[PDB]
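Undergrad:
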Amino acid sequence: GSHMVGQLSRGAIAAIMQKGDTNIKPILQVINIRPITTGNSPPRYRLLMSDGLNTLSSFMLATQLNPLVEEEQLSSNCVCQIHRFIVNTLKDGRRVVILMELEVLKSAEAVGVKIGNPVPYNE
Ligand SMILES: Cc1cccc(NC(=O)c2sc(=S)n3c2[nH]c(=O)c2sccc23)c1C
Ligand SMILES: Cc1cccc(NC(=O)c2sc(=S)n3c2[nH]c(=O)c2sccc23)c1C
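In structure tokens, the structure reads:
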């Protein structure tokens, strides 16, 4: 209940990005989900996620998790626990976090709002 930001793994985004910590199972909130253009391939979803302290816009859902989005279990405001993820670095140096396994801990309807006031993580 109270102190809502205590529901989220504050500091997890920086740990994933600064340290590359991959054994953690962080609890994050979905801020927004959007499709990205893929031409002739199954849809891909990019997620803006929050750990309570920071937001990060470069999470990518593994396509095997697409049905969570299409059947609306995974939507803006929901709180989820990431169980398996990998970090990948692009040619230009940017990094993306691919979500492989996750569990929705609380529905968008049960949470209802963006938790706290996280700020964009830079790099
Ligand atoms: C839309 C879009 C736009 C630009 C690039 C890419 N793709 C990737 O950067 C890479 S690199 C790499 S190893 N994989 C992917 N993508 C994959 O899906 C799978 S599955 C098993 C491996 C990989 C995409 C998907
Ligand atoms: C849009 C977009 C843009 C840029 C990059 C990428 N993809 C990746 O960097 C990588 S690297 C890697 S190992 N995988 C992915 N993506 C995957 O989906 C899956 S599933 C099993 C492995 C992987 C994408 C998807």
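Heads up: the sequence shown runs through residues -2 to 120, numbered per PDB author numbering.
Note that CB positions come from ideal geometry on N, CA and C, so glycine has one too.
Do you know offhand how far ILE112's Cα is from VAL94's?
TA: Their Cα atoms are separated by approximately 21 Å.
Undergrad: Given 6 Å as the limit, tell me if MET14 has its C-beta closer than that to any heavy atom belonging to ligand 2.
TA: Result no, Cβ not under 6 Å from ligand 2.
Undergrad: Please determine, among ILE79, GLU68, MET97 and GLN61, the residue with the shortest C-alpha to C-alpha distance to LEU25.
TA: Nearest option by C-alpha distance: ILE79.
Undergrad: Is the Cβ-Cβ distance between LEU50 and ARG92 less than 7 Å?
TA: No, Cβ-Cβ distance for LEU50 and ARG92 is not below 7 Å.
Undergrad: What residue range is occupied by the uninterrupted beta strand (DSSP E) comprising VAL94?
TA: Looking at the DSSP string, the run of the beta strand (DSSP E) that includes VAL94 is 92 to 103.
Undergrad: On the three-pair Cβ rule with 8 Å, is the segment -1 to 13 touching the segment 102 to 116?
TA: In short, these stretches touch, since the Cβ pair count reaches three.
Undergrad: With a threshold of 16 other CB atoms inside 10 Å of the CB of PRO64, please say whether the residue is buried or exposed.
TA: Exposed.
Undergrad: Closer than 6 Å: is that where the CB of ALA107 sits relative to any heavy atom of ligand 2?
TA: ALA107 Cβ: outside cutoff for every heavy atom of ligand 2.
Undergrad: Please report the residue range of the alpha helix (DSSP H) in which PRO64 lies.
TA: That run of the alpha helix (DSSP H) goes 63 to 67.
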